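Heads up, the thing below is written out as structure tokens.
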There are 6 protein chains.
Amino acid sequence: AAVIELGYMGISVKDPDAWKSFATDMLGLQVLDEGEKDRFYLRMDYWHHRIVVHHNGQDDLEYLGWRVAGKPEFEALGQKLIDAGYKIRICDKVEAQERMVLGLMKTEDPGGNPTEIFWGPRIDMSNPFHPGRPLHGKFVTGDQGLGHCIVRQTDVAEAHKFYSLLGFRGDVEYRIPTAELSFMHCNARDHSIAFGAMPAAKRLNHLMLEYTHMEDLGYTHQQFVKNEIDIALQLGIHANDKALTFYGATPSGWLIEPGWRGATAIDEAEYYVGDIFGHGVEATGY
Amino acid sequence: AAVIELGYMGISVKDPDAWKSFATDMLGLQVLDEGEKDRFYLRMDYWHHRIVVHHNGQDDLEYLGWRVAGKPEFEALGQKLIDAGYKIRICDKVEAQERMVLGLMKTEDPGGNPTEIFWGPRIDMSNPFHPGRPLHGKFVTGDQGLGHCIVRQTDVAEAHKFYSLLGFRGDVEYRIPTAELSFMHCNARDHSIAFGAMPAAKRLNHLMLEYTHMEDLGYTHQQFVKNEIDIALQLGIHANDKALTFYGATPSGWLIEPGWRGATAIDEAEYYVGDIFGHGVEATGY
Amino acid sequence: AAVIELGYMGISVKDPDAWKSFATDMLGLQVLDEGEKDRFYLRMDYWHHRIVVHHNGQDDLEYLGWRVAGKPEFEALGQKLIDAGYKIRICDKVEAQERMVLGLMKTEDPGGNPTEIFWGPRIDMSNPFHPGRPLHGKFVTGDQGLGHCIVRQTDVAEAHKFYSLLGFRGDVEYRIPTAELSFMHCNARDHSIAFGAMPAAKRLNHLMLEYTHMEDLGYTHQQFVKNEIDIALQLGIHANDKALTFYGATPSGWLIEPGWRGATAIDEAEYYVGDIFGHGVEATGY
Amino acid sequence: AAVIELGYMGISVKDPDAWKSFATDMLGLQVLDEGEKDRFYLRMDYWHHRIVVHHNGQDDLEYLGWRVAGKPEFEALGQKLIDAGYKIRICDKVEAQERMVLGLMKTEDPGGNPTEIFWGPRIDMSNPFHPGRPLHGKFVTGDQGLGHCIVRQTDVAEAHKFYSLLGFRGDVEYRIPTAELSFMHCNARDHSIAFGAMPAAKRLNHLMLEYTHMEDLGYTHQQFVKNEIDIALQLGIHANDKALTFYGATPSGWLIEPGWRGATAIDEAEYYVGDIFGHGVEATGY
Amino acid sequence: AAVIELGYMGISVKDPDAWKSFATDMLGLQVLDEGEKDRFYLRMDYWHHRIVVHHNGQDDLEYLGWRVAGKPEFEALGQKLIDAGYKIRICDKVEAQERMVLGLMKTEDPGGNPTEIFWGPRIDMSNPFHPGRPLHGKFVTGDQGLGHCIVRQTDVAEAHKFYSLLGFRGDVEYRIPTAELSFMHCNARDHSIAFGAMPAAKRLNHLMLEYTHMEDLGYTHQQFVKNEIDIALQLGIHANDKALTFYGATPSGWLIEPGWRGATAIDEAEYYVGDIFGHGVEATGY
Amino acid sequence: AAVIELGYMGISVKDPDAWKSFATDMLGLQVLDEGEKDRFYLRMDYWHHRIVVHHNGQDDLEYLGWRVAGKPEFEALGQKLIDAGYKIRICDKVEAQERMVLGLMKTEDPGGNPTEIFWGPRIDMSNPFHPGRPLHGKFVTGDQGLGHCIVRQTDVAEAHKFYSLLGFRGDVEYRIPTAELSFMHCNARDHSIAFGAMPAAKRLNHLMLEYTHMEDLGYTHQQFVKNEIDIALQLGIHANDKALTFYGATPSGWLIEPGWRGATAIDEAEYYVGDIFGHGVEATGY
Ligand SMILES: Oc1ccc(-c2ccccc2)cc1O
Ligand SMILES: Oc1ccc(-c2ccccc2)cc1O
Ligand SMILES: Oc1ccc(-c2ccccc2)cc1O
Ligand SMILES: Oc1ccc(-c2ccccc2)cc1O
Ligand SMILES: Oc1ccc(-c2ccccc2)cc1O
Ligand SMILES: Oc1ccc(-c2ccccc2)cc1O
Ligand SMILES: Oc1ccc(-c2ccccc2)cc1O
Ligand SMILES: Oc1ccc(-c2ccccc2)cc1O
Ligand SMILES: Oc1ccc(-c2ccccc2)cc1O
Ligand SMILES: Oc1ccc(-c2ccccc2)cc1O
Ligand SMILES: Oc1ccc(-c2ccccc2)cc1O
Ligand SMILES: Oc1ccc(-c2ccccc2)cc1O
Ligand SMILES: Oc1ccc(-c2ccccc2)cc1O
Ligand SMILES: Oc1ccc(-c2ccccc2)cc1O
Ligand SMILES: Oc1ccc(-c2ccccc2)cc1O
Ligand SMILES: Oc1ccc(-c2ccccc2)cc1O
Ligand SMILES: Oc1ccc(-c2ccccc2)cc1O
Ligand SMILES: Oc1ccc(-c2ccccc2)cc1O
Ligand SMILES: [Fe+2]
Ligand SMILES: [Fe+2]
Ligand SMILES: [Fe+2]
Ligand SMILES: [Fe+2]
Ligand SMILES: [Fe+2]
Ligand SMILES: [Fe+2]
Ligand SMILES: [Mg+2]
Ligand SMILES: [Mg+2]
Ligand SMILES: [Mg+2]
Ligand SMILES: [Mg+2]
Ligand SMILES: [Mg+2]
Ligand SMILES: [Mg+2]
């Protein structure tokens with residue numbers, strides 16, 4: 001037992017007001033403002049938060065927060081990382097409290113992406129999720145964590161070694177006429193992290209969030225079209241996770257992938273040379 | 001495989017007659033009197049008993065009895081405790097027979113709470129449970145054991161180490177504006193033991209018993225109100241176990257927590273800063 | 001829609017104290033004494049009662065109480081009986097209140113058995129069933145009513161005509177080397193009333209009561225043997241209802257048939273020439 | 001409510017000993033000999049019998065026995081037949097007892113096939129089915145009756161009118177390059193009676209019996225091949241009932257159709273111009 | 001993985017003809033006679049046999065045959081027994097073929113009961129079970145093996161050590177006012193072997209066989225009563241396995257325990273001081 | 001975790017055009033021609049292919065391709081084979097790409113059958129299976145792989161050792177009056193590889209392919225009969241896998257076994273001395 005979900009993530013942004021409107025109106029996320037001068041939160045479920053939005057930022061990813069079941073797994077994984085030669089820091093109580101977790105360690109993946117491992121998230125059971133716009137349904141989180149990210153890597157083999165140590169499984173799932181793309185899971189979500197060896201100006205290529213209801217995905221798509229927000233890739237279904245998704249611009253320039261109907265992860269490695277349908281390029285430059 | 005349930009407990013009381021009326025009328029427990037001069041039994045199910053009520057007492061907990069599956073697990077856990085430096089005594093046949101078990105060992109937890117580990121409880125299949133008052137339903141026991149207790153500790157870290165060795169799982173689940181409260185499970189019951197570092201005049205803070213039917217919980221609540229018995233904390237739902245419960249005075253001064261609809265234990269550590277609703281203070285001094 | 005269950009019955013007895021001990025210890029029925037000088041009640045479930053036990057009696061049946069769904073069905077069946085030439089009396093409020101029902105009519109079946117038709121039984125939801133001895137389970141009642149009775153008839157064809165008018169279905173199900181026995185249902189209970197053309201000193205041959213648990217039936221059987229109460233017919237399984245049952249003496253001389261595992265009534269008429277096994281004569285003269 | 005199953009049938013044979021061996025070894029039916037000089041019985045289930053085999057016979061069908069639910073349906077259908085101009089006879093008790101039924105009437109269908117309508121078959125629950133050879137499974141009977149027959153008709157429209165009056169449903173289901181074949185159901189069995197306008201030397205073309213297990217059908221097929229019994233039509237699946245079946249000679253010259261996996265009857269009329277596969281002619285002259 | 005079922009057993013008898021009639025008529029077992037001069041077989045299911053009945057015998061147990069999953073488990077358990085100091089013999093092909101198994105080893109338990117361990121039983125799928133009398137149902141075998149036996153032991157602790165090594169689980173389950181009785185399982189059958197420290201003239205106290213249907217158990221009971229065969233213990237339900245059973249004499253003097261409705265084995269050790277009901281002594285001297 | 005399915009196989013043929021017509025018309029496989037001069041593909045499902053058909057061939061098996069879950073299992077099994085003394089070659093990227101897999105190693109089994117182990121098959125999710133003739137259903141593949149093969153062996157013990165190392169389970173399942181036949185599984189398919197010690201001119205005795213629908217199996221059988229293709233063994237059911245199958249000639253002379261309704265593999269070794277029914281010899285010389 002090691003990493004069990006993508007529990008939270010932090011991003012930094014240059015336009016917090018635009019991000020609040022985008023998150024609520026375009027996606028249906030809930031804005032939680034605790035009156036902090038430099039950040040606010042986005043909720044998806046009973047967790048106090050799933051995304052921390054830092055102000056005065058770089059319009060990129062700040063950290064991914066990977067959950068382990070408890071203290072025993074936290075301690076075991078820490079030692080495992082040390083023994084394998086990785087540089088980690090166990091955080092003090094102030095730093096853990098900043099993230100609202102019971103235990104916290106910080107490191108960087110082989111691509112330079114700041115990576116946090118924690119146990120004991122804060123759950124606000126007294127405060128049920130209340131979406132930023134009316135929703136037919138809710139989000140798929142639970143044992144699948146918040147969603148998935150594709151992040152920049154320079155050495156795919158080293159990236160794979162690192163995430164394997166963290167307890168992820170997966171390998172090259174697409175060979176695109178040849179670019180190889182690798183996808184890894186740490187729970188039932190088909191993938192939680194993925195990467196290839198392509199150049200990228202930003203740490204974060206995209207974040208995928210999953211609705212329980214197709215009606216919310218469709219309405220989200222309609223919101224993007226109505227507000228003339230760039231759709232980088234049109235609606236389609238992935239050969240790996242079988243989800244219906246599209247990719248749209250965020251105010252930070254990296255992409256959001258709203259989706260629906262993701263399939264369960266499998267440990268039997270398969271690869272494909274294309275998607276089931278759709279996901280055609282529309283807006284260029286992403 | 002180690003401890004699998006809170007199998008029995010012993011308490012001592014100053015007023016056995018009051019305890020008989022309380023147990024039967026207020027809670028629906030069954031009184032079994034085997035004609036012993038110094039004790040009687042309370043039943044909840046087919047077990048010969050779940051609670052031993054000793055006379056001429058201190059109005060506090062006398063022992064918690066933790067079950068293991070069988071002799072192999074009993075022997076293994078005994079040696080484990082010895083190897084870790086804890087002081088245990090394997091009881092002879094007379095002492096085992098007193099508790100009506102096939103094998104028995106005695107120790108104390110780090111807080112000084114007398115702790116028994118046993119295998120092979122006596123089950124009276126010929127003698128079905130017959131509650132002390134008419135019930136709509138029955139009690140939740142089975143693989144969840146009799147209920148849960150909160151007991152006094154002086155060193156939470158040492159307590160955690162001890163119960164971890166016994167096969168329990170769990171950690172700090174509430175941070176209350178800061179008091180930290182730890183809750184541990186050894187089966188599907190969300191918790192069977194819990195504790196914090198607060199001072200306490202008694203070993204036992206409260207015992208929780210769970211009804212299968214909301215109607216019995218409601219009627220129990222009504223019995224407390226009708227008989228003007230102190231309700232220390234009003235009806236509410238816990239963020240951790242999701243049960244509907246209240247807390248009322250017993251004749252011994254420590255609290256009973258009658259409840260309904262407890263959720264299954266989880267190994268993924270979460271924490272909260274408050275309950276879902278209710279559990280407001282009413283009667284003070286508990 | 002007409003008669004839907006055997007809702008209650010009244011019996012009269014010469015020895016109420018013996019009947020109280022018998023009902024509680026031998027059968028597990030609940031005694032309810034409302035302080036009336038001339039009667040007490042036996043409960044099986046949430047109904048205020050299922051059996052009224054009148055004192056200063058004849059050790060026989062006093063009345064069968066047949067339930068209809070509501071007032072519309074009550075009125076329709078009343079008129080149906082009148083139109084077919086049967087003599088009925090619609091009872092006033094005092095008489096209805098005596099039986100604790102909202103509407104009541106009285107008549108006699110063609111065999112002279114006093115027959116009541118009612119709607120709106122009193123249900124004491126606040127007062128859950130509490131058996132007269134510890135039980136593993138409870139009784140089968142609900143949409144199947146309290147049980148079944150075999151009652152005396154002089155003209156089977158006329159009896160059949162009467163119960164058919166009341167909404168029962170069924171005919172000759174046994175031809176015994178030749179005695180013909182007829183069995184009729186008004187709900188899922190395989191039969192609620194049955195009869196043949198044999199002579200009988202009493203209105204009531206037997207009453208069948210059904211346990212949910214085989215363990216209670218077995219213990220009941222053991223109670224009869226231990227207390228040296230006559231077993232008229234030994235354990236066996238009926239070809240029609242497939243229940244495991246035996247027949248034992250009551251203090252009134254007519255028989256009780258405790259049983260378990262009755263099958264659902266069928267509208268497709270079948271007959272048999274014997275039972276599946278058992279039901280051999282033991283104590284003679286019943 | 002009218003006819004609900006093909007309950008029994010009678011055949012007459014010239015070689016009873018050959019029929020006993022055939023029924024037991026080739027089909028797995030149970031022979032019941034009640035010591036009558038002129039007949040024996042074949043069982044398939046708990047019914048006393050499903051087929052009566054008369055000696056000194058014509059090697060053809062003697063009667064089909066159609067069940068109604070009870071006396072009310074029996075009386076109603078009798079009057080219906082009379083009112084429509086058909087000739088029926090209500091049988092006395094001796095004649096009913098010969099067939100082991102509670103009520104019996106006799107007529108002929110428009111093709112001259114002797115037709116009986118009855119209620120109240122004799123079920124020997126004390127005497128479970130015991131097949132004439134070891135079987136993996138048993139027969140499909142229950143609410144589907146014993147099987148189906150194809151019988152001779154001279155006027156298909158009149159036949160249809162008659163069976164419609166009896167409560168059957170169905171029409172032309174095959175148009176074979178053109179011969180029209182009509183199939184009618186009276187319960188979940190896809191068909192219980194069928195016919196066309198072709199000439200036939202015998203009343204009975206074939207009887208279909210259905211096994212619960214494919215292994216028994218296969219072994220039956222193997223028995224026919226091993227004993228060099230004519231297979232008139234090879235294994236195949238019918239477009240209407242979707243059953244896997246073959247057709248083999250009986251000692252009487254008409255055909256048995258052993259089968260497996262019949263589909264539920266439908267009230268929505270369909271037709272086909274051929275079967276799904278197989279049912280090719282092998283032995284000619286049937 | 002070690003012993004997974006009681007696969008077969010061998011007994012020797014003085015009166016084979018009496019045993020054939022008893023097995024078929026009284027129990028519904030199938031007699032298979034392969035024309036061997038010194039033995040015949042009893043079947044319960046698709047296995048070639050479950051019981052070997054040797055002639056010219058001692059009216060006692062000859063061997064218990066314990067199945068392991070395959071060759072790897074066979075080899076591992078053999079070495080385990082050798083390493084623990086037990087005396088075993090690996091049988092040659094002739095001896096294995098005598099038992100109709102692919103691999104066979106022979107030893108004796110600490111009580112002197114001949115004990116065989118094997119893999120690869122012969123299953124006659126072509127030859128479905130055909131009971132020796134008509135049955136409503138069949139036997140419970142499959143992953144539960146043929147039944148259970150109680151056998152003589154002189155040293156219960158040594159017996160327990162031996163069966164524990166074989167992969168069984170269980171301990172003292174009854175303390176009878178004090179006699180201790182131990183019961184061990186190797187699959188879902190509540191127990192497959194049991195023993196105490198009481199003296200016994202024979203190796204075998206009783207064999208329990210389980211019907212799928214209560215109707216067959218009842219009819220079996222009726223057969224014993226009708227044929228005036230001693231019933232040593234009357235119908236009752238065991239506190240441990242919850243089965244309805246009785247105990248009757250066999251022609252060899254040891255007891256058969258026909259039963260119905262056995263519960264699943266549990267690894268959590270419980271004990272009782274009596275049964276649920278019944279099992280009263282009738283015929284003495286067993 | 002080691003081999004998890006028969007993922008693909010390669011055959012070589014002398015008449016590719018005949019094989020195309022045979023595969024499509026007689027079996028319903030899909031022909032995929034990628035324009036390669038020396039080979040084409042047969043599909044059964046979403047995999048790019050299940051069978052590679054090489055031209056200019058020997059009318060025999062060229063290779064069996066055994067799948068492992070992923071790279072870790074591939075590497076572990078490779079080392080396991082090396083450590084046990086087997087000769088393996090890890091293939092370069094060109095060779096892996098030829099088979100359309102992410103990782104590939106080559107060896108020979110002890111019988112000389114070329115054996116490939118791979119991970120990461122190419123799945124064409126964009127290109128759903130389209131059978132070569134209309135089908136009622138599809139093929140059974142998924143976690144059961146493509147089917148099973150019987151291949152030539154010279155030393156059954158060495159063969160068993162090799163496939164055991166690969167993670168297969170199974171042993172002798174038939175003893176035929178004596179020829180011993182061994183059957184091994186690596187997933188839920190009852191067997192994926194089988195063999196005996198009989199002489200064979202070809203590596204491949206037969207390939208079994210399984211339909212989801214009996215109607216397709218029947219139609220396939222009909223196609224063989226219509227086109228006068230040799231049926232070596234007639235329809236029957238295997239005692240081990242319980243499937244309905246027949247065996248027919250392919251254009252290469254080795255046999256295809258089309259079938260339906262295979263049972264789940266079991267780890268508990270059984271043997272038989274014959275099939276359930278059928279599988280009688282028809283066309284000789286196979
Ligand atoms: O390393 C792994 C992490 C998670 C899963 C997993 C968990 C639940 C469902 C599906 C896959 C599988 C893995 O091999
Ligand atoms: O420009 C990019 C396009 C696609 C991916 C990508 C998508 C899925 C998995 C791995 C990488 C990453 C990129 O930086
Ligand atoms: O979640 C994802 C799953 C699959 C692909 C993908 C599919 C085809 C080509 C490139 C990327 C991209 C994703 O972001
Ligand atoms: O130490 C442990 C003891 C018991 C359970 C458990 C058992 C059943 C359901 C849920 C949790 C989980 C544990 O980690
Ligand atoms: O006065 C007290 C109040 C609350 C708890 C408590 C409740 C739940 C878990 C741990 C400690 C313990 C106390 O002694
Ligand atoms: O069973 C229990 C679960 C949770 C709490 C609790 C909740 C909030 C604050 C303090 C204690 C107390 C309990 O007795
Ligand atoms: O007159 C009738 C009364 C009751 C039922 C019935 C109701 C429920 C289940 C089974 C039979 C059927 C009848 O024909
Ligand atoms: O002496 C009697 C014996 C049996 C029945 C009886 C039992 C079942 C149905 C109908 C009548 C009625 C009697 O008066
Ligand atoms: O409820 C009953 C069901 C069937 C019979 C019966 C069975 C055989 C012969 C006589 C009566 C008697 C009953 O009291
Ligand atoms: O006249 C009819 C007789 C029987 C059925 C029937 C009953 C059960 C299942 C399917 C069809 C449908 C009819 O229209
Ligand atoms: O020679 C015959 C061939 C076929 C049928 C038949 C089969 C099915 C339905 C209706 C008639 C009837 C015959 O007399
Ligand atoms: O039960 C039957 C269902 C269908 C046909 C049939 C099918 C095609 C042509 C002719 C008869 C024949 C049958 O005996
Ligand atoms: O040694 C053992 C052998 C068998 C079972 C078992 C298997 C299936 C169901 C219940 C218990 C449990 C054991 O501890
Ligand atoms: O005479 C005897 C009576 C009972 C048992 C027995 C029954 C169950 C378990 C263990 C021993 C064994 C005996 O030899
Ligand atoms: O299978 C058995 C289960 C339990 C007992 C038993 C129960 C009470 C006292 C003595 C033996 C005896 C058995 O043969
Ligand atoms: O070596 C083995 C490989 C596969 C299975 C298996 C997997 C799924 C279902 C049934 C058997 C069992 C084995 O012992
Ligand atoms: O001629 C042959 C006949 C049968 C098998 C065979 C079939 C199943 C399993 C193992 C071998 C192999 C042969 O070479
Ligand atoms: O898949 C198969 C399963 C069983 C046998 C078999 C059965 C009996 C005798 C010989 C081979 C042959 C097969 O090809
Ligand atoms: Fe994505
Ligand atoms: Fe609590
Ligand atoms: Fe009755
Ligand atoms: Fe037919
Ligand atoms: Fe027993
Ligand atoms: Fe095969
Ligand atoms: Mg994946
Ligand atoms: Mg917890
Ligand atoms: Mg009836
Ligand atoms: Mg039809
Ligand atoms: Mg046990
Ligand atoms: Mg196998």
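Ligands are numbered from 1 in the order shown, residues from 1 within each chain, and chains are lettered A, B, ... in the order they appear in the structure tokens.
Residues surrounding region 140-157 of chain E within 7 Å are residues 5, 6, 7, 8, 50, 111, 187, 188, 189, 191, 192, 193, 194, 195, 196, 197, 200, 203, 204, 205, 206, 207, 208, 209, 210, 211 and 212 of chain E [only C-alpha atoms; sequence separation below 5 positions excluded].
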With N, CA, C and O atoms retained, write the just-selected residues as an mmCIF file, in the first residue's frame.
```
data_model
loop_
_atom_site.group_PDB
_atom_site.id
_atom_site.type_symbol
_atom_site.label_atom_id
_atom_site.label_comp_id
_atom_site.auth_asym_id
_atom_site.auth_seq_id
_atom_site.Cartn_x
_atom_site.Cartn_y
_atom_site.Cartn_z
ATOM 1 N N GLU E 5 -11.160 -31.421 1.534
ATOM 2 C CA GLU E 5 -12.434 -32.109 1.810
ATOM 3 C C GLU E 5 -12.211 -33.538 2.252
ATOM 4 O O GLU E 5 -11.160 -34.132 1.970
ATOM 5 N N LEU E 6 -13.208 -34.079 2.943
ATOM 6 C CA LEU E 6 -13.335 -35.526 3.099
ATOM 7 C C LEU E 6 -13.863 -36.057 1.774
ATOM 8 O O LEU E 6 -15.061 -35.936 1.474
ATOM 9 N N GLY E 7 -12.964 -36.615 0.969
ATOM 10 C CA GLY E 7 -13.314 -37.041 -0.387
ATOM 11 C C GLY E 7 -13.991 -38.392 -0.450
ATOM 12 O O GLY E 7 -14.994 -38.564 -1.151
ATOM 13 N N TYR E 8 -13.427 -39.374 0.249
ATOM 14 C CA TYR E 8 -14.023 -40.697 0.307
ATOM 15 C C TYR E 8 -13.748 -41.327 1.664
ATOM 16 O O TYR E 8 -12.955 -40.813 2.460
ATOM 17 N N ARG E 50 -18.260 -42.298 -3.270
ATOM 18 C CA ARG E 50 -17.860 -41.629 -2.027
ATOM 19 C C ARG E 50 -17.511 -42.598 -0.884
ATOM 20 O O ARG E 50 -16.725 -42.262 0.005
ATOM 21 N N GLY E 111 -4.818 -41.302 16.872
ATOM 22 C CA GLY E 111 -5.756 -42.253 17.464
ATOM 23 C C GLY E 111 -5.728 -43.646 16.849
ATOM 24 O O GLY E 111 -6.442 -44.538 17.308
ATOM 25 N N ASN E 187 -13.084 -26.774 5.018
ATOM 26 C CA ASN E 187 -13.829 -26.142 3.935
ATOM 27 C C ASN E 187 -15.111 -25.562 4.551
ATOM 28 O O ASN E 187 -15.216 -25.491 5.795
ATOM 29 N N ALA E 188 -16.077 -25.183 3.704
ATOM 30 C CA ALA E 188 -17.306 -24.548 4.200
ATOM 31 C C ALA E 188 -18.186 -25.436 5.072
ATOM 32 O O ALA E 188 -19.015 -24.921 5.818
ATOM 33 N N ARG E 189 -18.019 -26.762 5.011
ATOM 34 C CA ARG E 189 -18.806 -27.635 5.889
ATOM 35 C C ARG E 189 -18.417 -27.323 7.338
ATOM 36 O O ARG E 189 -17.225 -27.265 7.663
ATOM 37 N N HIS E 191 -18.139 -28.766 10.130
ATOM 38 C CA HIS E 191 -17.037 -29.634 10.519
ATOM 39 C C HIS E 191 -16.973 -30.848 9.605
ATOM 40 O O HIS E 191 -17.998 -31.272 9.059
ATOM 41 N N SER E 192 -15.756 -31.353 9.403
ATOM 42 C CA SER E 192 -15.541 -32.582 8.638
ATOM 43 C C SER E 192 -14.980 -33.694 9.522
ATOM 44 O O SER E 192 -15.132 -34.882 9.206
ATOM 45 N N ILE E 193 -14.306 -33.308 10.603
ATOM 46 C CA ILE E 193 -13.811 -34.281 11.579
ATOM 47 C C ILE E 193 -14.061 -33.732 12.992
ATOM 48 O O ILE E 193 -14.018 -32.516 13.212
ATOM 49 N N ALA E 194 -14.363 -34.624 13.927
ATOM 50 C CA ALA E 194 -14.545 -34.217 15.315
ATOM 51 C C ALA E 194 -14.210 -35.364 16.239
ATOM 52 O O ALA E 194 -14.183 -36.520 15.823
ATOM 53 N N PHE E 195 -13.930 -35.033 17.495
ATOM 54 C CA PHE E 195 -13.486 -36.044 18.446
ATOM 55 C C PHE E 195 -13.449 -35.508 19.857
ATOM 56 O O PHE E 195 -13.381 -34.291 20.096
ATOM 57 N N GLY E 196 -13.467 -36.441 20.796
ATOM 58 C CA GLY E 196 -13.210 -36.124 22.194
ATOM 59 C C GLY E 196 -12.313 -37.205 22.753
ATOM 60 O O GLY E 196 -11.791 -38.029 22.003
ATOM 61 N N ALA E 197 -12.164 -37.216 24.072
ATOM 62 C CA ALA E 197 -11.281 -38.165 24.750
ATOM 63 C C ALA E 197 -12.037 -39.349 25.358
ATOM 64 O O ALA E 197 -11.492 -40.054 26.210
ATOM 65 N N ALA E 200 -14.101 -45.703 23.196
ATOM 66 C CA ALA E 200 -14.970 -46.180 22.122
ATOM 67 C C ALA E 200 -14.496 -47.541 21.635
ATOM 68 O O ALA E 200 -13.310 -47.732 21.399
ATOM 69 N N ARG E 203 -13.576 -47.452 15.885
ATOM 70 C CA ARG E 203 -12.932 -46.248 15.353
ATOM 71 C C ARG E 203 -13.972 -45.168 15.072
ATOM 72 O O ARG E 203 -13.751 -43.995 15.373
ATOM 73 N N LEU E 204 -15.098 -45.583 14.489
ATOM 74 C CA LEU E 204 -16.125 -44.645 14.008
ATOM 75 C C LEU E 204 -17.324 -44.531 14.952
ATOM 76 O O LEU E 204 -17.986 -45.530 15.235
ATOM 77 N N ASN E 205 -17.598 -43.320 15.432
ATOM 78 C CA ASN E 205 -18.804 -43.081 16.212
ATOM 79 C C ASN E 205 -20.000 -42.855 15.304
ATOM 80 O O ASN E 205 -21.039 -43.502 15.448
ATOM 81 N N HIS E 206 -19.855 -41.909 14.381
ATOM 82 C CA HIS E 206 -20.906 -41.654 13.411
ATOM 83 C C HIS E 206 -20.397 -40.977 12.170
ATOM 84 O O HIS E 206 -19.335 -40.337 12.178
ATOM 85 N N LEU E 207 -21.189 -41.146 11.115
ATOM 86 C CA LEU E 207 -21.013 -40.457 9.838
ATOM 87 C C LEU E 207 -22.266 -39.615 9.617
ATOM 88 O O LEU E 207 -23.389 -40.120 9.736
ATOM 89 N N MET E 208 -22.070 -38.342 9.292
ATOM 90 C CA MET E 208 -23.172 -37.457 8.951
ATOM 91 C C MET E 208 -23.238 -37.279 7.433
ATOM 92 O O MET E 208 -22.227 -36.971 6.793
ATOM 93 N N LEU E 209 -24.433 -37.473 6.878
ATOM 94 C CA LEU E 209 -24.710 -37.180 5.468
ATOM 95 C C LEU E 209 -25.819 -36.153 5.380
ATOM 96 O O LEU E 209 -26.806 -36.246 6.124
ATOM 97 N N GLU E 210 -25.670 -35.204 4.457
ATOM 98 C CA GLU E 210 -26.580 -34.063 4.382
ATOM 99 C C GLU E 210 -27.410 -34.048 3.099
ATOM 100 O O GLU E 210 -26.870 -34.100 1.987
ATOM 101 N N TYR E 211 -28.726 -33.972 3.270
ATOM 102 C CA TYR E 211 -29.645 -33.828 2.137
ATOM 103 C C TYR E 211 -29.799 -32.358 1.757
ATOM 104 O O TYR E 211 -29.708 -31.477 2.623
ATOM 105 N N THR E 212 -30.086 -32.082 0.477
ATOM 106 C CA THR E 212 -30.442 -30.715 0.084
ATOM 107 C C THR E 212 -31.854 -30.344 0.527
ATOM 108 O O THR E 212 -32.150 -29.160 0.722
#
```
I'd like to know which residues of region 93-230 of chain E are alpha helix (DSSP H) (by DSSP, run on the backbone); could you write them as JSON, numbers by chain? {"E": [93, 94, 95, 96, 97, 98, 99, 156, 157, 158, 159, 160, 161, 162, 163, 164, 165, 214, 215, 216, 217, 218, 219, 220, 221, 222, 223, 224, 225, 226]}
